[PDB]
Amino acid sequence: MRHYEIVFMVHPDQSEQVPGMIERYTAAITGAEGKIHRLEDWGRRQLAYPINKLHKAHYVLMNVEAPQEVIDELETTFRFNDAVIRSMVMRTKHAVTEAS
Amino acid sequence: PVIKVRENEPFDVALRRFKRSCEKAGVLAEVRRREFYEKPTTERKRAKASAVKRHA
Amino acid sequence: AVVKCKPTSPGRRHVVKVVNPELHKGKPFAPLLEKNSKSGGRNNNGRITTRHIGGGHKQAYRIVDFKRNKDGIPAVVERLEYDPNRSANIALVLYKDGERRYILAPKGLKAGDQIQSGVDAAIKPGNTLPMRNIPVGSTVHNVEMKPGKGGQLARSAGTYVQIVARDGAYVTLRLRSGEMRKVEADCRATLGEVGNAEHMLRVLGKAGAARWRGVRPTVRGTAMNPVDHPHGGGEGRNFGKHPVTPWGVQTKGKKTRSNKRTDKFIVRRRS
Amino acid sequence: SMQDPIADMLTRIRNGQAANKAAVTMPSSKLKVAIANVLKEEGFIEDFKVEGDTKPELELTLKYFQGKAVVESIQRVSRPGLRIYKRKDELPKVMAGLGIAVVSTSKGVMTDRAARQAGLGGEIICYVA
Amino acid sequence: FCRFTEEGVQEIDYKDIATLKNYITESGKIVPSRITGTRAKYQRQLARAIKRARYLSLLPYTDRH
Amino acid sequence: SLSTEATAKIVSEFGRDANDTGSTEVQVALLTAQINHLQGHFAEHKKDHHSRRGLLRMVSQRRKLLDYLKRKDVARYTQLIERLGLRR
RNA sequence: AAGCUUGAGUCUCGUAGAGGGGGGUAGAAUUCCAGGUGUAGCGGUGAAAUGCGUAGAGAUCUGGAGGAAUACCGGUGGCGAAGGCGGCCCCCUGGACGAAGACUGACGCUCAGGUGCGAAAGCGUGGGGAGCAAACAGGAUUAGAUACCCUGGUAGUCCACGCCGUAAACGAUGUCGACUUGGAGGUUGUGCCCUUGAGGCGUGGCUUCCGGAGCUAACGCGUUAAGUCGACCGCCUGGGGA
RNA sequence: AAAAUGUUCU
Ligand SMILES: [Mg+2]
Ligand SMILES: [Mg+2]
Ligand SMILES: [Mg+2]
Ligand SMILES: [Mg+2]
Ligand SMILES: [Mg+2]
Ligand SMILES: [Mg+2]
Ligand SMILES: [Mg+2]
Ligand SMILES: [Mg+2]
Ligand SMILES: [Mg+2]
Ligand SMILES: [Mg+2]
Ligand SMILES: [Mg+2]
Ligand SMILES: [Mg+2]
Ligand SMILES: [Mg+2]
Ligand SMILES: [Mg+2]
Ligand SMILES: [Mg+2]
Ligand SMILES: [Mg+2]
C-alpha cells in the first residue's frame, strides 16, 4: 500500500463544492482501507499563467496511503470532472505527515 | 526579458539594462541555434569540442 | 485475429479471415431475429435502382438497440454474436429487469462486462449517455443525430466519433470521414469505438466471396456499347470522355450534396 | 576468471620486479608454495611466507641485486590452455643453465637439473631467468 | 556554495516555490548548477520540482503569460 | 522486482531453516517465481526488450542452478522440479 | 568421493539514474482554419527571382484544430549489453551500486553452430501527417548546374503490429580474471569525525583528462592499457579484381 | 555570389 501526494486545483467559482469533493475522496480512500496522512486546502491562489482560461485556481494538497485501484478511480473522477482543472498524483516514499 | 522603465530613469540606461537581460537569457543565441537544424551527432561533436576547449 | 489462408487452391490463396473466437458459435437470440428478405437492389417498381446487389446469402435481421432507452437499468453482456447485417459484431446484453437486447459490440466489451444507459450512467465503453454528459475529447460511437431517434453515426466495424467541443446546446463531432458536425448535446452516444476494427483487414480472396455478401459483378462503362453507358464503344480500348456515371453525371470530383437543410449542422466538410 | 594460479603468481612476481616492490603477496596454493620454495632454493627470491589458516596468503620477498631485478624473466611454459610435459631427455635448460626451469615431477616440484639428476622430468611449470 | 546540502534535505519540494524561484531566473528559465553552485543530484531534483510547479502553475514556464 | 513477503515465503518453503537463502533450490524457486510473475507482464508488453533481457538472464541462471543440482544430487533436483512444475 | 570460502550467485536495507514497455497529461513554439485591427509590401538571398500579397498579404491581437518535438535544467553529467534512451505524472518492469551481516558452496569464465536484441534508411497493412524533407517542380547560380542558395514540395520522418539486420553499429581497441608508480578532476554510494562552518580523514562503484614505468612503426596507450600475464572465442595473410 | 582544367616520359 504505497503513498500518494495528490495536488489538484479546482475552478474558482466551484470553491463552494471543494470541501464536499475532498470529503468524498477521503471516504473513497477509506472505503478500501487506506489512510489520508495530510490534507491542506491552500484555497484560491494566483496562477503563474492561465490554465484553460482563468487566472486564479483553488488548490487542494492531499496526501494518501492507499491501494492502486482507488487511486486509479480518483484519477478517472478527476478526468471526468470539469470542476477540477489540474490534478497531480505523485508517488512518495514515507507518509510525509508534516505541513508544507 | 521583460523590462519596465522606473520613475526618473534615462532611456539609454533602460535600453542597456534590457540588452543585458536579453544576454543573460541567451535569447539571440538560442534563436541562432534554432535557425537551422543541427543533427544530434553534430551537436554532440560541438559539445565535445567545447568541453575540450574548456580543458585549458 | 486476421488469418491469411494457405494457398491450397487459387481463390483460397489471398483470403484473410478475420476470425473472432469469442463470438457465439450457435443460433442467435430468436426473439430479436426478424425476417429480412433481399431486394436485389430493386424498388416497389421492380426496377434495379441500385446495381450490383443480389444473390447473397439468406440473413435474419437482428433487432439491434440503437436507441438505448433502458435508462438506469444496468446490463451484463451475455455473448458477442455474429450479425450478418453489419460489419460490427453485436453484443447480446441481459438487463437486470429481464430484457435481452442486442447492441453494437464496442472495442473493449466482452461477455460478463456491464453496460448502462441514461444520464446517471458511468463513463466507460458500451455505456450510453447524452453528449452533454459525455466529456469533450471522447471517442464515442452509435451517435444519434436527433435526440431519441436512434444512433445513426459510427456503427461500422471500427468506427467512432470524437466529441470535439460543446458550444452551448450543440456538441461538435469530428466524424469518421473528417466532417465536423454540430449535433444536439441531448443526443445519446455510446462510449467507446464500435469493436470489430480488424474487419477491414479481411480480403475476400475470390469473386465468390463478394457474391456471397450480395455483390453482383460490376461491369465497367468502358466495357459496354455507347447505348448503355457514356463510356461506351470504341474499337479496341477507347475512353475519350470525362468519367461520368451511367446517367452522365461526372464521377471524379463533382460534388453531389445539395441539401441546404442540414448545411447549418455541417461545421467543416470532410477532406 | 582466475584460470591459472601459478601463471598469475609468476606475473605478480614479474610485476614486482619491474616496479621495485620489496614484497609480493597472493592467494597461496600447495603447488604455488612448492614453486616458491624451488625459487628460493635456486636463488631468485629471499623468503616466502604462507600467512593465514582459512585464506592463506603467500608473500614472496623479492631480491634486487645492484638496483635491478634478480628475476630477469619468469615465463609459464606449461599453462592451462596448452600443457608442456618434458621427458628427462627432452628436459629444457633456461639460458644454457644460467637460469632454471621449475618442473613438476613424480617426486616433487624441482628445478630441471634436479629432475635430470634423478632420472625424470614432467610438467615444465615455468622458465625463470 | 550548495544550500540544499547544508540544509540536509532528502528531496527538494515543488510546493516550496519561495526556495525554487531563487533558482529560476526572471524569464522563468531554470538557473545552471555551475552558477548557483548546487550539487548535481540536488540540481536535478530542483529542476524536477520546478517542472512540477510549472505543471501545477505555481511557477511560470516563461515570462509571457 | 519480487515482493519481500513472497521471497520470505519461498525461502520458508525451500530453504532448510529461515536464514537458508542461498540454497540452490531456494534460489531456483525465487527465480522461477519471478519468471512466473514476469510472464504476464511480458504477454501484456511484448516489445519491452530490455526487461525481457533480464528475464532471459534469470532463466539462464535458473537453468545453470538446476544443472548444478542435478550432478551433485539428482533426487533433490527431481523433487524440486516436481514442486515447481518445471518441464525439465 | 568428501570438503572449504576468497570466485560466482541468493537474501536484508537503502541508493542514483534520459534503463525498457504501457498509459495519461503540460507549456512554449511552428502550421492551418475562423474572426478582428490595419495597408503595401511581405518573403527570400550574396544579389535576385520563383512564391505569397490590394480578392487585403506580411505585421498585429482573439478563438479553435491538429501533429511533432520537449527550451532552460543539460554537465567529456547519468543510465543502458550494444543500438540507444531527455517535459512532467502514473501503472507494469529490467539491471547497476553501496552498507553491513547471513546463506549456497566453484554453481565459474569463454563460446563454433544456434537464439535474441540491433541507429538510420528501406520495405509490408492500417492509422496519422504540424514541422522538416529524398524524389519532383519552378527560380537562381553556372560555361553547363541533373548540385550547393532560394521558393515550394511528395515518399519518408510520427504511431500501431510485422519484416529488414546493416552503419565510421567506433574507444576504428572481443569477453572475463589477476597484477604494476601517480596526479587532477566528474559522478554516485557508504564508515568514521567537536559538521565548533560551506569542511577533515578514509573506503567502494562507474567515469573524463593528463601523465610514469613499460609497450608501440611512430602516433600514442598508459591502473578503464595499446603495460605485465592467464582462459576462451572472433578475425587477418600484398593491392586491385572484390 | 561565381574562379573548370593542365598531353606523355624525365
Ligand atoms: Mg456498387
Ligand atoms: Mg470492383
Ligand atoms: Mg468490372
Ligand atoms: Mg463491347
Ligand atoms: Mg450516350
Ligand atoms: Mg486502339
Ligand atoms: Mg529498480
Ligand atoms: Mg558450509
Ligand atoms: Mg525507421
Ligand atoms: Mg530544398
Ligand atoms: Mg531545378
Ligand atoms: Mg512505413
Ligand atoms: Mg560490418
Ligand atoms: Mg563516439
Ligand atoms: Mg570494426
Ligand atoms: Mg595519456
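Heads up, the Cβs are rebuilt from the backbone with ideal geometry, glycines too, and the neighbour counts pull from every protein chain shown. Read-outs: derived from the displayed coordinates by stated rules, not from any lab.
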Can you give me the relative contact order of chain F as a percent, contacts being Cα pairs under 8 Å and 6 or more apart?
26 percent
Counting only other chains, what is the mean number of Cβ atoms within 10 angstrom of the Cβ of each residue in peptide C:142-153?
0
Calculated log₁₀ intensity ratio I(q)/I(0) where the Debye formula runs over C-alpha points of the stretch C:1-113, q = 0.20, 0.21, 0.23 Å⁻¹
-1.10, -1.14, -1.24
Let a ≥ b ≥ c be the square roots of the eigenvalues of the Cα gyration tensor of the protein assembly as shown; is it rounded (a/c under 1.5), or, if not, prolate (a/b larger than b/c) or oblate?
prolate
Please give the residues of the stretch E:10-31, grouped as numeric ranges, whose backbone N is less than 15 Å from a label point set 7 Å along the Cα-to-Cβ vector of E:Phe1.
E:23
Starting from the Cα gyration tensor of the stretch C:195-271, take the square roots of the eigenvalues, sort them a ≥ b ≥ c, and report rounded, prolate or oblate (rounded when a/c is under 1.5, otherwise prolate if a/b is larger than b/c, else oblate).
oblate
Beyond 28 Å between alpha-carbons counts as too far, so tell me which of B:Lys53/D:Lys21; C:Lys27/C:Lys70; B:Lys24/B:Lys45; A:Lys35/C:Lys110; D:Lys30/F:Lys64 fall in that bin.
B:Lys53/D:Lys21; A:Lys35/C:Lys110; D:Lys30/F:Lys64
Treating only the Cβ atoms of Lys and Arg (+1) and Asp and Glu (-1) as charged, compute the dipole magnitude of chain E about its Cα centre; round to the nearest 20 debye.
300 debye
Run the reach check for A:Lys53 against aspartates and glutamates, Cα to Cα strictly under 14 Å, same-chain hits fewer than 8 apart removed. What comes back?
A:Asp13, A:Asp82
So for the stretch C:117-194, using the alpha carbon gyration tensor with a ≥ b ≥ c as root eigenvalues (a/c under 1.5 gives rounded; past that, a/b versus b/c decides prolate or oblate), I'd call it rounded
3J(HN,Hα) from dihedral phi, the stretch B:19-29, Karplus parametrisation 6.51/-1.76/1.60, rounded to Hz, x for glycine, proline
4, 4, 4, 4, 4, 4, 4, x, 7, 4, 4
Just to be sure I follow: if Rg is taken over the C-alpha atoms of the stretch D:5-69 and Rh is the Kirkwood radius over the same atoms, what is Rg/Rh?
0.95
20 Å cut-off, amide nitrogen to a point 7 angstrom out along C:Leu94 Cα→Cβ, residues in the stretch C:15-29
C:22-29
Which one of C:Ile134, C:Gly150, C:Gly178 is farthest out on the positive end of the charge dipole of the stretch C:117-194, using unit charges on Cβ (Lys, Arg +1; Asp, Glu -1) and the Cα centre as origin?
C:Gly178
For the stretch D:48-122 and the stretch E:19-48, distance of Cα centres in Å:
64 Å
Please determine, in degrees from 0 to 90 and to the nearest 10, the orientation of helix E:40-56 with respect to the longest principal axis defined by the Cα atoms of chain E, where the helix direction is its Cα long axis.
20 degrees
Could you order the peptides B:26-39, F:67-80, A:72-85 from most to least packed, using the average number of other C-beta atoms within 10 Å per residue?
A:72-85, F:67-80, B:26-39
Given H placed on each backbone N at 1.01 Å, which residues far from C:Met224 in sequence or on other chains put an amide H within less than 5 Å of it?
C:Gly233
Quick calc, C:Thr256 & E:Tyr55: beta-carbon distance into FRET formula, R0 45 Å, rounding 0.05, result 0.35
About its Cα centre, what dipole magnitude does the stretch C:137-271 give when the only charges are +1 on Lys and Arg Cβ and -1 on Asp and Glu Cβ, stated in debye to the nearest 20?
260 debye
Kindly rank C:56-65, E:50-59 from highest to lowest mean number of other beta carbons found within 10 Å of each residue.
E:50-59, C:56-65
Cβ-placed point charges (K, R +1; D, E -1), dipole of chain A about Cα centre in debye, nearest 20
380 debye
Let me have the relative contact order for chain D, percent, based on Cα pairs under 8 Å that are six or more residues apart.
24 percent
Need the C-alpha centroid separation for the stretch C:119-143 versus the stretch A:1-76, integer Å.
24 Å
Given the options C:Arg176, C:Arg261, C:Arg202, state which has the largest fluctuation in a GNM of chain C using a 10 Å cut-off (strictly under) for Cα springs.
C:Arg261
When we measure straight from the Cα of C:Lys6, which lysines land under 19 angstrom away, once same-chain ones fewer than 8 places off are left out?
C:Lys17, C:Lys206
Report relative contact order for chain C in percent, whole number only (criteria: Cα-Cα under 8 Å, sequence separation at least 6).
17 percent
The percentage of Cα-Cα pairs in chain D separated by more than 20 Å is 41 percent
Step through the table entries B:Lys4/E:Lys21; C:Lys67/C:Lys182; C:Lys67/C:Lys255; C:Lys146/C:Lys182, compare each Cα-Cα distance with 22 Å, and write down the pairs that go over it.
C:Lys67/C:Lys255
Euclidean distance of C-alpha centroids, the stretch F:23-88 and the stretch C:172-229, integer Å:
51 Å
For C:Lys149, which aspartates and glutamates qualify as cross-link partners when the Cα separation must be under 16 Å and same-chain residues fewer than eight apart are set aside?
C:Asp65, C:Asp71, C:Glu184, C:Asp186
